Structure formats: C-alpha cells, structure tokens
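Here the structure comes first, spelled out in structure tokens, and everything after it is commentary.
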Amino acid sequence: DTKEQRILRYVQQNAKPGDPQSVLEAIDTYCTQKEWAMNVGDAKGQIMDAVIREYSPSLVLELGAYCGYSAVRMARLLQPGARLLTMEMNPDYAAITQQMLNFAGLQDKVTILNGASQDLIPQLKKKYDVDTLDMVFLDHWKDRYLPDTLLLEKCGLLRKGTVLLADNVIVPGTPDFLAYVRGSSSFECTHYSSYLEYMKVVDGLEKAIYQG
Ligand SMILES: C[S@@+](CC[C@H](N)C(=O)[O-])C[C@H]1O[C@@H](n2cnc3c(N)ncnc32)[C@H](O)[C@@H]1O
Ligand SMILES: O=c1cc(-c2ccccc2)c2ccc(O)c(O)c2o1
Ligand SMILES: [Mg+2]
C-alpha cells in the first residue's frame, strides 16, 4: 500500500462519483488532515481556476499528473470539446491519475501520456494531432521547466498568446526558468503570489504568455 493509492482509496470512499468538485475536496482534506502530498493544492488551485476561466483554452498540456488532482481541477472547467493532455513518467502515478479522472467523470476530457515529457513533447503533433497549445501547466521536476519550455518552442507547440503557467516558482524554486521567462522579450510575465500546499510558506505561480 502506497501513499498515492491511499489517496485514491480515500476519494473512492469519500467523494461523490462523477462530481469533480467533491473529488478535489476529498484530496484536499486527506492531504491537509493526514498526509502531505505534492498536489498543487486549493489556494493555488483557486488561482488556476481563475486563469483557466479567463482564457478558456481548447487545448491544455499538463506536465506532471501525480494522483490527478490538478488535472481534475482544470478539466472540470473546460468547455465542451476542449481537451487536456497530461504527461506523467511514473506509471504507478499515471495509473492512479486514470482511476481518479475516471471517478470524477472527466476521462473523456483527459488523455494521459505515460512517459517523460522530454521524450513525449516531440511526439505531440504526430501522435496526438496537436497544432499549438493554448495553455501549458508546468508542475513536474523543477529542473525540467526551462528545457521543456525551450523544447515546446522548438517543436512549434507555442502560439502567440499561449499561456504557460508554472507552479513552485518560489518553492522549491525554478530560478533558471523564471530568469529566462522574465528576461526574454518573447514571454510576458505576471506573478501570482500564494502559499505552498497544506503549509503557509510563500510560493507562487508564474504566468508566462508567449509573444512569438
Ligand atoms: C508535483 S507532482 C504533480 C502534481 C500535479 N500537477 C497536481 O497538482 O496534482 C510531479 C509529477 O511529475 C512527474 N514528473 C517528474 N518529471 C517528469 C517528466 N520529465 N515528465 C513527465 N512527468 C514527470 C513525477 O512523476 C510526479 O508525479
Ligand atoms: O519535484 C517536486 C518536488 C517537491 C518537493 C521538494 C522537496 C520536499 C517535498 C516536495 C514539490 C513540492 C510541491 C509541489 O507543488 C511540486 O510540484 C513539487 O515538485
Ligand atoms: Mg507544484
């Protein structure tokens, strides 16, 4: 028995099936009252809701799924026919995320790509019929934010107005990505201050909007 499948079980025992909001709240209390996990969490969760409502993206790419919390968070707010793609390298995690999405009712909105983003991003246009992404959520290993951003730009996945939204920009930190995105005239940035999940340490999301 694994921390993640401990969470999956809590959800299946406590959330109302087919109800995304309920699933989220089961995850948040489980992680607030018993075991800490690295889900984006509710406080930054609300920021993400707001940004997605604003842009209403047709096509979203998530880097790093884990137990499915942020994928459920985002897919619940997508319009009919909009699509989330989520990359997860750990198959135990990609298996839980599927079960979590399934429970929430969101499996028709969300495609799990099992693998490592560096390998999967170049396969995106060919194997998944992607022209450009409207939004990208970055929440995988922190040393991967910049290289995957440069890789998305390289494979032609970014479009004038594509929104990159980055978790953990302060804690644990992604200094090279922040420096690159703020300094670059090809990305318009706004910082949205908040607090780490389940603990009030100051983290934040960076939104970085691709300029071409
Ligand atoms: C911080 S957790 C993601 C949490 C999720 N975004 C949420 O809010 O619920 C990070 C995940 O990224 C996965 N990961 C790390 N590096 C990756 C990579 N290069 N490609 C795909 N997945 C990766 C890890 O296996 C881990 O499950
Ligand atoms: O790779 C990590 C590693 C951590 C992490 C680093 C040190 C201790 C615990 C978690 C992490 C935390 C919160 C979070 O939202 C993340 O996306 C994280 O990603
Ligand atoms: Mg995070």
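Chain labels A, B, ... are given in the sequence in which chains occur in the structure tokens; within each chain residues are numbered consecutively from 1, and ligands are likewise numbered from 1 in the order shown.
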
Residues near residue A:141, anyone? I mean within 8 Å using only C-alpha atoms, not counting same-chain ones fewer than 3 positions away, as a PDB file with N, CA, C and O atoms, in the first residue's frame.
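Here's the written file result.pdb:
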```pdb
ATOM      1  N   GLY A  64       3.200  16.675 -15.551  1.00  0.00           N
ATOM      2  CA  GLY A  64       3.269  16.126 -14.194  1.00  0.00           C
ATOM      3  C   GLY A  64       1.883  16.002 -13.550  1.00  0.00           C
ATOM      4  O   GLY A  64       1.331  17.002 -13.061  1.00  0.00           O
ATOM      5  N   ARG A 144      13.294  20.676 -15.021  1.00  0.00           N
ATOM      6  CA  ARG A 144      12.719  20.487 -16.377  1.00  0.00           C
ATOM      7  C   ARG A 144      11.895  21.637 -16.989  1.00  0.00           C
ATOM      8  O   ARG A 144      11.628  21.659 -18.203  1.00  0.00           O
ATOM      9  N   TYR A 145      11.557  22.634 -16.186  1.00  0.00           N
ATOM     10  CA  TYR A 145      10.716  23.734 -16.691  1.00  0.00           C
ATOM     11  C   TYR A 145      11.341  24.432 -17.864  1.00  0.00           C
ATOM     12  O   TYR A 145      10.690  24.565 -18.891  1.00  0.00           O
TER      13      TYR A 145
END
```

Tell me, as a CSV table (one decimal) with C-alpha atoms, in the first residue's frame, which residues lie within 12 Å of residue A:153, counting only C-alpha atoms; anything in the same chain fewer than 2 positions away does not count.
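Resulting contents of result.csv:
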```csv
chain,number,residue,atom,x,y,z
A,121,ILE,CA,6.8,16.6,-26.4
A,122,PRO,CA,8.4,15.9,-29.8
A,132,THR,CA,-0.5,24.5,-31.0
A,133,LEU,CA,-1.3,24.5,-27.3
A,136,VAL,CA,0.6,24.7,-20.5
A,146,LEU,CA,13.2,25.6,-18.8
A,147,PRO,CA,14.4,22.7,-21.1
A,148,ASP,CA,10.7,21.6,-21.7
A,149,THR,CA,9.7,25.2,-22.4
A,150,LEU,CA,12.6,25.5,-25.0
A,151,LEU,CA,11.6,22.2,-26.4
A,155,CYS,CA,8.6,21.7,-31.8
A,156,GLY,CA,6.3,24.6,-32.8
A,157,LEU,CA,3.8,23.9,-30.0
A,158,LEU,CA,3.6,27.6,-28.7
A,159,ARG,CA,1.5,30.1,-30.4
A,160,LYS,CA,1.2,33.9,-30.0
A,162,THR,CA,-0.2,30.6,-25.5
A,164,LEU,CA,2.4,29.0,-19.6
A,186,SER,CA,9.2,36.5,-26.1
A,187,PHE,CA,7.4,35.9,-22.8
A,210,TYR,CA,4.3,33.6,-25.3
A,211,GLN,CA,4.8,36.6,-27.7
A,212,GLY,CA,6.1,34.8,-30.7
```

Which residues are close to residue A:53, i.e. within 12 Å by only C-alpha atoms, leaving aside same-chain residues fewer than 5 positions away? Reply as a list in words.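 My list of contacting residues is residues 46, 47, 48, 58, 73, 74, 75, 76, 77, 78, 79 and 135 of chain A.
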
Which residues are near ligand 1 - at most 10 Å, using only C-alpha atoms and all ligand atoms? Format: as a count of residues only. 58

Quick one: of A:161, A:130, A:51, A:36, who's nearest to ligand 2, counting only C-alpha atoms and all ligand atoms? A:36

Could you pull out the residues in stretch 43-99 of chain A that DSSP calls strand (DSSP E) from the backbone, as a VMD selection string? chain A and resid 59 to 63 83 to 88

Saved selection, atoms kept: N, CA, C and O atoms, as a PDB file, in the first residue's frame:
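Okay, this is what ended up in again.pdb:
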```
ATOM      1  N   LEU A  59      -7.091  23.577 -25.772  1.00  0.00           N
ATOM      2  CA  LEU A  59      -6.093  22.512 -25.599  1.00  0.00           C
ATOM      3  C   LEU A  59      -5.080  22.853 -24.513  1.00  0.00           C
ATOM      4  O   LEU A  59      -4.280  23.777 -24.656  1.00  0.00           O
ATOM      5  N   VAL A  60      -5.096  22.069 -23.442  1.00  0.00           N
ATOM      6  CA  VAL A  60      -4.171  22.248 -22.352  1.00  0.00           C
ATOM      7  C   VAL A  60      -3.182  21.072 -22.239  1.00  0.00           C
ATOM      8  O   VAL A  60      -3.557  19.892 -22.361  1.00  0.00           O
ATOM      9  N   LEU A  61      -1.922  21.396 -21.974  1.00  0.00           N
ATOM     10  CA  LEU A  61      -0.916  20.391 -21.677  1.00  0.00           C
ATOM     11  C   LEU A  61      -0.506  20.517 -20.218  1.00  0.00           C
ATOM     12  O   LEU A  61      -0.074  21.597 -19.812  1.00  0.00           O
ATOM     13  N   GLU A  62      -0.681  19.444 -19.434  1.00  0.00           N
ATOM     14  CA  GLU A  62      -0.122  19.364 -18.078  1.00  0.00           C
ATOM     15  C   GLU A  62       1.220  18.554 -18.090  1.00  0.00           C
ATOM     16  O   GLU A  62       1.305  17.438 -18.648  1.00  0.00           O
ATOM     17  N   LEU A  63       2.267  19.136 -17.514  1.00  0.00           N
ATOM     18  CA  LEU A  63       3.486  18.378 -17.247  1.00  0.00           C
ATOM     19  C   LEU A  63       3.483  17.947 -15.796  1.00  0.00           C
ATOM     20  O   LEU A  63       3.718  18.767 -14.901  1.00  0.00           O
ATOM     21  N   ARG A  83      -9.862  19.850 -24.470  1.00  0.00           N
ATOM     22  CA  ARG A  83      -9.056  18.642 -24.283  1.00  0.00           C
ATOM     23  C   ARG A  83      -7.871  18.967 -23.344  1.00  0.00           C
ATOM     24  O   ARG A  83      -7.206  20.018 -23.483  1.00  0.00           O
ATOM     25  N   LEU A  84      -7.634  18.089 -22.378  1.00  0.00           N
ATOM     26  CA  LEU A  84      -6.421  18.143 -21.583  1.00  0.00           C
ATOM     27  C   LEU A  84      -5.539  16.936 -21.917  1.00  0.00           C
ATOM     28  O   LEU A  84      -6.013  15.809 -21.992  1.00  0.00           O
ATOM     29  N   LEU A  85      -4.253  17.193 -22.109  1.00  0.00           N
ATOM     30  CA  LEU A  85      -3.230  16.144 -22.252  1.00  0.00           C
ATOM     31  C   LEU A  85      -2.316  16.241 -21.046  1.00  0.00           C
ATOM     32  O   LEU A  85      -1.817  17.318 -20.746  1.00  0.00           O
ATOM     33  N   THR A  86      -2.092  15.147 -20.343  1.00  0.00           N
ATOM     34  CA  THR A  86      -1.206  15.177 -19.170  1.00  0.00           C
ATOM     35  C   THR A  86      -0.097  14.109 -19.163  1.00  0.00           C
ATOM     36  O   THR A  86      -0.362  12.888 -19.209  1.00  0.00           O
ATOM     37  N   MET A  87       1.135  14.604 -19.064  1.00  0.00           N
ATOM     38  CA  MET A  87       2.339  13.789 -19.103  1.00  0.00           C
ATOM     39  C   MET A  87       2.792  13.398 -17.710  1.00  0.00           C
ATOM     40  O   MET A  87       2.975  14.254 -16.822  1.00  0.00           O
ATOM     41  N   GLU A  88       2.933  12.085 -17.524  1.00  0.00           N
ATOM     42  CA  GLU A  88       3.370  11.527 -16.252  1.00  0.00           C
ATOM     43  C   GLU A  88       4.327  10.348 -16.496  1.00  0.00           C
ATOM     44  O   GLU A  88       3.989   9.382 -17.221  1.00  0.00           O
TER      45      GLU A  88
END
```

Can you check which residues of stretch 65-210 of chain A DSSP gives as helix (DSSP H, G or I) on the backbone and send them as a PyMOL selection string? chain A and resi 69-75+91-104+117-128+142-154+169-173+175-183
